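Numbering (full-length UniProt numbering), first residue to last: 125 to 228.
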């Protein structure tokens, strides 16, 4: 961790995958997923998508570290599923501040 921090909070955004074991499985266990993200406020990056790429990869990995520092490890399944949800949260915060970066 080279100097990231958290981002804002919201509702848990939903993303299908087209298969029961992914559409349902995320649903069963979204009650244990995040509700905030990890990023740095605009110091060095300003894409929409790629700003979220970095952020997501971090918030995600941080859940994996947090499990391992307790004595557990997530899977590719639980990680791919966060790549969706953390993204939507990182875009939804990006929007909610890039609104004010613009509207001035």
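A virtual CB, placed ideally from N, CA and C, is assigned to each residue, including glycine.
Checklist entry - From this set, 158, 179, 189, 144, which residue's C-alpha is nearest residue 164's C-alpha? => result 179
(Q) Could you check whether the segment 132-143 touches the segment 174-193, counting it as contact only if at least three pairs of C-beta atoms, one from each stretch, sit closer than 8 angstroms? (A) The answer is no - the segment 174-193 does not touch the segment 132-143, with fewer than three Cβ pairs under 8 angstroms.
Check: Is the number of C-beta pairs between the segment 192-210 and the segment 147-167 that are closer than 8 angstroms three or more?
Finding: yes
Provide the residue span of the beta strand (DSSP E) that contains residue 163, from first to last. Where residue 163 is concerned, the enclosing beta strand (DSSP E) stretches over 160-163.
Exercise. From 225, 218, 223, pick the residue whose C-alpha is nearest to that of residue 131; which is it?
Worked result: 218
Note to self: Measuring straight from C-alpha to C-alpha, what distance separates residue 194 and residue 185?
What the structure shows: 14 angstroms
> Going by DSSP, which residues form a beta bridge with residue 224?
Replying inline: Residue 224 is not bridged to any residue.
> alpha helix (DSSP H) containing residue 186: first to last residue?
Replying inline: Segment 173-194, the alpha helix (DSSP H) holding residue 186.
Please state the DSSP three-state secondary structure of residue 129.
strand
- Task: Please go through the same chain and pick out, in chain order, the residues whose beta-carbon is closer than 8 angstroms to the beta-carbon of residue 216, but skip the five residues on each side of it.
- Result: 134, 137
Using the beta-carbon count (16 or more within 10 Å), is residue 212 buried or exposed? buried
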